[PDB]
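To start, the structure under review is shown below, and the notes come after it.
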Amino acid sequence: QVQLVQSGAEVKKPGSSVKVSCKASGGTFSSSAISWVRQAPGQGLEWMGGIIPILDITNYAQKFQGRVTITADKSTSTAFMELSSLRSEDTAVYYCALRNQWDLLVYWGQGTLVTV
Amino acid sequence: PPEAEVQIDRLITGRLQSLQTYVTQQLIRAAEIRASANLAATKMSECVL
Amino acid sequence: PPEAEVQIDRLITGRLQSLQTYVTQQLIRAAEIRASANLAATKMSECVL
Amino acid sequence: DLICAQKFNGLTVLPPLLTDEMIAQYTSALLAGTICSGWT
Amino acid sequence: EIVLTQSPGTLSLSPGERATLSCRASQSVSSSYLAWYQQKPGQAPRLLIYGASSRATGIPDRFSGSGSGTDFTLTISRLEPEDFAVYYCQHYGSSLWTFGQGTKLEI
Amino acid sequence: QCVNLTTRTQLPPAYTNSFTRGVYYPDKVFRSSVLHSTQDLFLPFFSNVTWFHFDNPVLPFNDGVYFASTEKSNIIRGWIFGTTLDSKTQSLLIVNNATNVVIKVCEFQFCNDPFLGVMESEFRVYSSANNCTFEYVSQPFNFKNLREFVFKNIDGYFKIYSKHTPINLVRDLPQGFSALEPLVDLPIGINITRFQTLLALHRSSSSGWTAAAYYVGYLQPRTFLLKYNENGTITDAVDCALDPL
Amino acid sequence: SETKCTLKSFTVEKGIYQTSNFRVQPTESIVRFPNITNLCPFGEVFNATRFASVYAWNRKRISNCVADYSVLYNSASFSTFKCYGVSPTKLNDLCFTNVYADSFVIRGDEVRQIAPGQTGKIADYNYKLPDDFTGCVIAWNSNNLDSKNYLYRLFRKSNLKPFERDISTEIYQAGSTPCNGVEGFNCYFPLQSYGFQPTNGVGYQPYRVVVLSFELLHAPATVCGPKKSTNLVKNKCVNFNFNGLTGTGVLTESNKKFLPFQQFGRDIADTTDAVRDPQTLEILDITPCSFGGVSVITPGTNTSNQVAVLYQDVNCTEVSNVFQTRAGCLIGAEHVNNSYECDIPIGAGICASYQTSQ
Amino acid sequence: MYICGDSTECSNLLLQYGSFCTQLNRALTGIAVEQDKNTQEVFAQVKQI
Ligand SMILES: *[C@@H]1O[C@H](CO)[C@@H](O[C@@H]2O[C@H](CO)[C@@H](O)[C@H](O)[C@H]2NC(C)=O)[C@H](O)[C@H]1NC(C)=O
Ligand SMILES: *[C@@H]1O[C@H](CO)[C@@H](O)[C@H](O)[C@H]1NC(C)=O
Ligand SMILES: *[C@@H]1O[C@H](CO)[C@@H](O)[C@H](O)[C@H]1NC(C)=O
Ligand SMILES: *[C@@H]1O[C@H](CO)[C@@H](O)[C@H](O)[C@H]1NC(C)=O
Ligand SMILES: *[C@@H]1O[C@H](CO)[C@@H](O)[C@H](O)[C@H]1NC(C)=O
Ligand SMILES: *[C@@H]1O[C@H](CO)[C@@H](O)[C@H](O)[C@H]1NC(C)=O
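Here it is as structure tokens:
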């Protein structure tokens, strides 16, 4: 039922920000939680942070405490993550993932490559 | 239990209505006898004394 | 709605009975007072005037 | 306050037509009448 | 935080053999929040096991697992060539996520 | 860990008058300038209360316990509540050990004399512990201090009401009226049939086995009319089953 | 016209008639809830890989979270969704304490026993639901998960109390034989397994059952629905929703000494008098808007159609020719510096009449 | 208001009954009228002041 749809790949210059868009298909944007996970080339996954769109609450990984702002648009069922002050160190695939309350499954988007 | 509660409540309502009816009649009748007693008291005072 | 209607009707029946009881007693008390007032009026007419 | 609690549940009290002052005036008139002219 | 460590970091096994991957938590975790994933280069992680059991919809059914406390295992009953992959366990604590160690499986 | 010592002064139980103590605020509702009819478990007025004084026997919990203690010595630190207290079932240990107030519910095996010493040279209490359902830890810290408590256990919720007042006590509890405000409601889910207090043995420990007292009563499902003053404080009460008056 | 309708007449006699009321309306609604940061952990309840046998049914406490019940209700995966004491639609906007989710596996023919007042081997020996119950019984077919294990109590000395979980498995006397253990003849082991197989008929297919038990409107709330709060507007007629409590009235600051553990106040009628606001712990009083009560002073209709209206208990500051009297505000009458014989009585020394340009 | 505390649903259910409220209102109105009459009969016997 649940589908996560992400925006395409981008190329950035140092110091710029990247805003990744994740649309929640299948509904239940509210009463669910959305997190963002990064995968630098050659690395495993790491948590960046997330948001609960219904409760208007954000939460961040210590590694990413600051620089990144996570928001959610209830009207368009879309979550966003904007990571500022980019460096070549941030080349990674940025993934959107979510879980509904009442469920156990974690649904994933495609992952978008952002280079700097 | 719940089957009995329905039947028990029906009897309670019917019996309460009976008591209320009884009391109302006694109150009305009591007013009547009081009026008689007041007359009797008047006669005692005026014709005996 | 339909479940509330059942519960509401239970409360309405009880409240109707409460008001009806009140009024009946209030009427009986009023009758007693009229008798007292009539007596008072008689006393004034015969003993004051 | 109890009168308010009763009011809020639809129970109210109406004023009397005659006030205490009006009653006092009737009483005084009767007394004046009696003292001045007896039962006449 | 609670750190998950898997073992062996790398391993070479033959198709047709049984294989297991361990996942140890530095602190006890609820089994209900643990999951295993499979990854191939260029692909998003695929869920296999959740709630430390509960095979995922569409799974090959060659995969199963169990655990409690601090010790959990992913079992592949028979390896097929398609099962040689990076595998990891993660904890979905919902306020805390834990990732790391791919116990990379090769032929 | 645990001390297999007897060597106690052998005393009978003493008894006292509960007077008019034992009212609890039964609700979270503000009422004022009213007299309200409440049926709950309350200490009966003028009940026969058992007086204890290093006296720490296992007592029945029954339907709830009215507990009061008097000291200046800081000996009474807490309570142990449960059934068998031998790791077969869970039990509740509430202790003020100065370092923290520690509340635990676990399948604990306890010492037959689960005490604390005094500084604090030792803490004994336990022999073992299984996986524990509940834990809470608070932050670190003629008789003069009276503390009144009631311990209720309703549908798994251990409910404690309490009050702390100044005294000048040489024997029994003062006569007067009090009502206890709720302190805590613990969502535990356990069976309590017996309990002990937790005392801190003075130490300068048989070689130094060294001044506090407490009272135990029980609650009954009586109806009281509780008098609320203008500030919503219960100031008085009528025990509707004490006598014809 | 109001007088004509109450009297069922097209003609009205001289005098005073009692009609209608004075019902000041709310202009906006207010919603106030505690700010809860968690979503409720129900994946563990409904989507669990293992359920208990009924015999040793599980009980999970839910607290300090937001729960959207729209999802469970709308989901088509359930074979049954029966609520007692609450409409599933209304459930979503209520706030609770002590919410518990009981769970277990049953045979399909046992679905009818998970109910407040039903009897049978489950209802009496494995899981008794109270006759007095508020909550929802939700269940679905699990044949594809559980069938290939589970034991049920068939032989018990006595019936269970609501929400009792008695799991002793000791073998005991049923009949005449003075034994325990020694299974056989007239001593039996209390439970029987009912393994689930893909070949079982539907009455013997397993079902996963979750029972949601709630304590509604306990003064606190820990489990609360997905409802946003609004600003708190004072000194106006509003609708209200204080942690699930509703009503209409004018709310004001209240100088009441609520104790630290108190959060509602009550009237003699046991209606809400006051609340403690869920976000700012301020005490607020709730006072109903206005009652008025209106009587109409009418010259007979065979003379004229002018009427005067008396608002029985109002100030002439609220509602040309307005007279404030002890009996209320009389509107439309012309007060004069005179006196006359009483005609239509009003009260408190005042009467009225129709007289001259009348 | 006594029975249906500003509930539309209650009012509509109340209307399934007969003219209950009307009778109660008449009874209480009648009493109130008598109370003023009683006062006048007792005190206003002489209209000369
Ligand atoms: C956890 O929840 C998911 C989502 O409702 C369940 O997945 C569905 O299972 C049925 C039955 O096999 C399939 O027909 C659906 O297509 C699945 N939906 C999705 C989105 O995958 C899953 O079975 C639940 N797990 C447990 C243990 O209850
Ligand atoms: C000695 O202590 C142990 C541990 O509490 C207890 O089980 C045992 O019964 C005690 N024995 C005596 C004689 O006090
Ligand atoms: C509590 O313990 C007593 C004594 O063993 C037992 O009879 C009773 O059933 C127990 N109650 C509960 C809820 O376990
Ligand atoms: C969050 O809750 C606290 C405590 O009730 C309150 O003081 C604060 O204003 C709330 N914040 C909101 C509603 O943004
Ligand atoms: C308003 O009501 C008060 C009593 O609360 C009264 O004293 C005052 O005269 C009234 N006022 C008007 C019509 O201004
Ligand atoms: C009526 O009485 C008021 C109050 O004393 C006074 O102001 C007004 O002038 C009077 N009117 C007449 C016509 O006497």
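Protein sequence lines, in the order shown, are assigned to chains A, B, C, D, E, F, G and H.
1 is the number of the first residue of the first sequence in the working numbering; add one for each residue after it.
117 is the number of the first residue of the second sequence in the working numbering; add one for each residue after it.
166 is the number of the first residue of the third sequence in the working numbering; add one for each residue after it.
215 is the number of the first residue of the fourth sequence in the working numbering; add one for each residue after it.
255 is the number of the first residue of the fifth sequence in the working numbering; add one for each residue after it.
362 is the number of the first residue of the sixth sequence in the working numbering; add one for each residue after it.
607 is the number of the first residue of the seventh sequence in the working numbering; add one for each residue after it.
965 is the number of the first residue of the eighth sequence in the working numbering; add one for each residue after it.
For every residue, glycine included, the Cβ atom is placed at its ideal position computed from N, Cα and C.
Item to check | Stretch pair the stretch 675-694 of chain G + the stretch 734-752 of chain G: three plus CB contacts closer than 8 angstroms | outcome: With a cut-off of 8 angstroms, the stretch 734-752 of chain G and the stretch 675-694 of chain G count as touching, because enough Cβ pairs lie within range.
Checklist entry - Using the beta-carbon of each residue, which ones in chain C are nearer than 7 angstroms to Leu244 of chain D? => result Result: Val213.
Next on the checklist: Can you list, in chain order, the residues of its chain with a C-beta nearer than 6 angstroms to that of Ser896 of chain G? Leave out the 5 residues immediately preceding and following it.
Outcome noted: When the five nearest sequence neighbours on each side are left out, the beta carbons in the same chain lying within less than 6 angstroms of the beta carbon of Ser896 of chain G are those of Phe628, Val630, in order along the chain.
Checklist entry - Buried or exposed: which applies to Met160 of chain B, given that a residue is buried once 16 or more other Cβ atoms fall within 10 Å of its Cβ? => result By the 10 Å Cβ count, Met160 of chain B comes out exposed.
Item to check | CB-CB length for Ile889 of chain G against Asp879 of chain G, believed under 8 angstroms | outcome: Between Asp879 of chain G and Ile889 of chain G the Cβ distance is about 10 angstroms, and since that is not below 8 angstroms, they are no contact.
Next on the checklist: Among the candidates E:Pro299, E:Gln292, E:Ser318, E:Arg300, whose CA atom is the shortest distance from the CA of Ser308 of chain E?
Outcome noted: Taking each of E:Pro299, E:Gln292, E:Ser318, E:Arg300 in turn and checking the Cα distance to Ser308 of chain E, the smallest one comes out for E:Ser318.
Checklist entry - In terms of DSSP beta bridges, what is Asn457 of chain F paired with? => result When beta bridges are read from the DSSP output, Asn457 of chain F appears opposite F:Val462.
Next on the checklist: Checking 9 angstroms against the spacing of the C-beta atoms, do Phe657 of chain G and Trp102 of chain A come in under that value?
Outcome noted: Taking 9 angstroms as the Cβ cut-off, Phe657 of chain G and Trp102 of chain A do not qualify as a contacting pair.
Item to check | Inter-residue spacing [alpha-carbon to alpha-carbon] between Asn461 of chain F and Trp47 of chain A | outcome: A straight-line Cα-Cα distance of about 36 angstroms links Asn461 of chain F and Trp47 of chain A.
Checklist entry - For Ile303 of chain E, which of helix, strand or coil comes out of DSSP? => result Strand at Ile303 of chain E.
Checklist entry - For the candidate residues G:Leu916, G:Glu776, G:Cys671, whose alpha-carbon lies nearest to that of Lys763 of chain G? => result Among G:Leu916, G:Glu776, G:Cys671, the Cα nearest to that of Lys763 of chain G belongs to G:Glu776.
Next on the checklist: Taking the alpha carbon of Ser568 of chain F as the reference point, which residue from F:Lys513, F:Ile553, F:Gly478, F:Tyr576 has its own alpha carbon closest?
Outcome noted: Checking every option, the nearest Cα to that of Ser568 of chain F belongs to F:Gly478.
Item to check | C-alpha gap between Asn765 of chain G and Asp730 of chain G, whole angstroms | outcome: When rounded, the distance between both Cα atoms is 5 angstroms.
Item to check | Own chain, CB closer than 7 angstroms to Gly323 of chain E, minus 5 neighbours either side, in chain order | outcome: Within the same chain, Cβ atoms closer than 7 angstroms to the Cβ of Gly323 of chain E are found at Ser282, the five residues on either side in sequence being excluded.
Item to check | Short Cβ contact (9 angstroms threshold) for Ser685 of chain G with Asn747 of chain G | outcome: The Cβ atoms of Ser685 of chain G and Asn747 of chain G sit closer than 9 angstroms to each other.
Checklist entry - For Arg508 of chain F, which residues from the same chain have a beta carbon less than 6 angstroms from its beta carbon, with the 5 sequence-adjacent residues on both sides left out? => result Taken in chain order, the residues that qualify are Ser430, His525.
Item to check | Supposed close pair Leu541 of chain F, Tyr522 of chain F - CB separation, criterion 8 angstroms | outcome: Indeed they touch by this definition, with Cβ atoms about 4 angstroms apart.
Next on the checklist: Nearest by alpha-carbon distance to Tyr187 of chain C: which of H:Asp970, H:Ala991, H:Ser983, H:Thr986 is it?
Outcome noted: H:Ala991 is the residue among H:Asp970, H:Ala991, H:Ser983, H:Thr986 whose C-alpha sits nearest the C-alpha of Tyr187 of chain C.
Item to check | chain C residues whose Cβ lies nearer than 7 angstroms to that of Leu143 of chain B | outcome: Residues of chain C passing the Cβ test: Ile193.
Item to check | Alpha-carbon spacing of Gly109 of chain A relative to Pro314 of chain E, whole angstroms | outcome: Whole-angstrom Cα-Cα distance: 21 angstroms.
Next on the checklist: For chain A, check one thing: does any of its Cβ atoms lie closer than 9 angstroms to the Cβ of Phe616 of chain G?
Outcome noted: So no, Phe616 of chain G is outside the interface.
Checklist entry - Is it true that the CB of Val915 of chain G sits closer than 9 angstroms to the CB of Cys922 of chain G? => result With a cutoff of 9 angstroms on beta-carbon distance, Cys922 of chain G and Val915 of chain G are scored as not near each other.
Item to check | Residues from the stretch 820-832 of chain G in contact with chain J, defined by Cβ distance under 8 angstroms | outcome: Reference to chain J is not applicable here, since the protein chains of this structure are A, B, C, D, E, F, G and H.
Next on the checklist: Cutting at 8 angstroms between CB atoms, please list the residues of its own chain near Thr854 of chain G, excluding the five before and the five after it.
Outcome noted: The beta carbon of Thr854 of chain G sits closer than 8 angstroms to the beta carbons of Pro632, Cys843, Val844, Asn845, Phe846, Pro894, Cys895 from its chain, once the five residues preceding and following it are set aside; these are given in chain order.
Item to check | Contacts that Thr931 of chain G makes with chain H (C-beta to C-beta distance below 7 angstroms) | outcome: For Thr931 of chain G, no chain H residue has a Cβ inside 7 angstroms of its Cβ, as the nearest lies near 16 angstroms away.
Item to check | One or two residues paired with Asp325 of chain E in a DSSP bridge | outcome: Under the DSSP definition of a beta bridge, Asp325 of chain E partners with E:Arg278, E:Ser322.
Item to check | C-beta contact flag for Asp73 of chain A and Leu83 of chain A at 9 angstroms | outcome: No, the pair does not count as a contact, with Cβ atoms beyond the cut-off.
Item to check | Any C-beta of chain H under 9 angstroms from that of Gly224 of chain D | outcome: Cβ-Cβ to chain H under 9 angstroms: yes for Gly224 of chain D.
Checklist entry - What residues in its chain sit with their C-beta under 6 angstroms from that of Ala306 of chain E, if we drop five residues either side in the sequence? => result When the five nearest sequence neighbours on each side are left out, the beta carbons in the same chain lying within less than 6 angstroms of the beta carbon of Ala306 of chain E are those of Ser285, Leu288, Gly321, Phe326, in order along the chain.
Next on the checklist: Below 7 angstroms on C-beta distance, what does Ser308 of chain E contact in chain G?
Outcome noted: Going along chain G in sequence order, the residues near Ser308 of chain E (Cβ under 7 angstroms) are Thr655.
Next on the checklist: Judging by CA-CA distance, which residue of F:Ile436, F:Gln500, F:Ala602, F:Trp440 is the nearest neighbour of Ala574 of chain F?
Outcome noted: For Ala574 of chain F, the nearest C-alpha among the options comes from F:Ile436.
Next on the checklist: Need the endpoints of the beta strand (DSSP E) that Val915 of chain G sits in, please.
Outcome noted: Per DSSP, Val915 of chain G belongs to the beta strand (DSSP E) from 914-917.
Checklist entry - To the nearest angstrom, how far is it from the Cα of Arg175 of chain C to the Cα of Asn492 of chain F? => result Rounded to the nearest whole angstrom, the CA to CA distance from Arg175 of chain C to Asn492 of chain F is 51 angstroms.
Item to check | Supposed close pair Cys935 of chain G, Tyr917 of chain G - CB separation, criterion 8 angstroms | outcome: Indeed, because the Cβ distance is near 5 angstroms, the residues count as touching under 8 angstroms.
Checklist entry - Checking contacts by CB at 9 angstroms: is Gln1012 of chain H closer than that to chain D? => result With a threshold of 9 angstroms between beta carbons, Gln1012 of chain H makes contact with chain D.
Next on the checklist: Could you give the first and the last residue of the continuous beta strand (DSSP E) run that contains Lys12 of chain A?
Outcome noted: Neither: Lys12 of chain A is in no beta strand (DSSP E) and is coded neither H nor E.
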